[PDB]
Amino acid sequence: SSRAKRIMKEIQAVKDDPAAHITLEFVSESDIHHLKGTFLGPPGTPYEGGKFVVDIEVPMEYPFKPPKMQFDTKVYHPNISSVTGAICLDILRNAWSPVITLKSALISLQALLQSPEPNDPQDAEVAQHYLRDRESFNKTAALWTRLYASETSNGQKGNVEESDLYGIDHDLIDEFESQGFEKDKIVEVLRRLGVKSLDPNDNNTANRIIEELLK
């Protein structure tokens with residue numbers, strides 16, 4: 263479209279050969295109204311290490327066109343994800359420059375994710391909670407992003423794990439096998455249960471498993 267060309271030009275830069283580590287995929291019919299800019303990055307921090315999908319909404323207005331952004335890996339940060347997915351970066355609550363393109367808003371999130379700013383954020387509950395238990399939220403933060411880094415197809419409520427190569431076969435078997443029980447034992451107890459987050463020497467299900475294992 264005519265007005266769409268405005269945003270298309272911005273995406274052309276990222277489309278110019280795999281470079282800049284940027285991503286821009288619009289999910290809409292001929293009338294591109296909803297934009298979605300993602301960014302791929304390696305690990306090395308609980309705030310970064312996977313994929314991020316920022317739901318962008320680009321209207322058809324030239325004068326003062328503030329690009330909306332929300333959700334984005336539902337990251338739990340004082341800035342991102344306050345109640346139903348919302349960030350605070352220039353063009354969000356009070357922009358001070360109409361030149362701040364969409365690329366700036368996206369790139370700003372990357373540096374923002376790896377930059378704790380609990381001084382004067384938007385979410386007081388998060389800031390106060392992080393101020394006390396920062397180490398407890400740190401680990402939980404990396405886990406959420408590590409699991410919500412990407413998702414195939416649509417969803418009903420929540421589809422986490424149970425998609426890639428399953429590690430529940432000979433690993434859980436090797437434990438009971440060497441113990442003294444035979445494969446036929448583990449299979450019988452594994453098939454019925456079918457746990458995934460099993461512990462070596464700290465699992466309740468295990469005790470119950472071995473219970474039958476001996477019969």
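Numbering-wise (the working numbering), the sequence shown opens with residue 263 and increments by one.
Don't be surprised by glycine CBs; every beta carbon is placed ideally from N, CA and C.
Between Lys298 and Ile318, the C-beta gap is smaller than 8 Å, which places the two residues in contact.
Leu371 has its alpha-carbon roughly 13 Å from the corresponding atom of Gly303. Each of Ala403, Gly456 and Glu397 was checked against the Cα of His339, and the nearest Cα belongs to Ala403. Excluding sequence positions up to five before and after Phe443, its CB lies within less than 6 Å of the CB of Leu475, all in the same chain and listed in chain order.
Closest in alpha carbon position to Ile369, among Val345, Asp334, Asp385 and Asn356, is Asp334. Within the same chain, no Cβ atom closer than 8 Å to the Cβ of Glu397 is found once the five residues on either side in sequence are excluded. Residue pairing by DSSP places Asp317 opposite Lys298 and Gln332 in a beta bridge. Counting along the chain, the unbroken alpha helix (DSSP H) around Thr402 starts and ends at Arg396 to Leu409.
Distance from the Cα of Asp385 is smallest, within the candidate group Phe399, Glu424 and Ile342, for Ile342. In the three-state reduction of the DSSP assignment, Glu437 falls in the helix class, which pools H, G and I. Beta-carbon to beta-carbon, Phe314 and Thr300 are separated by about 6 Å, close enough to satisfy the 8 Å threshold.
The DSSP-derived three-state label of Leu427 is coil.
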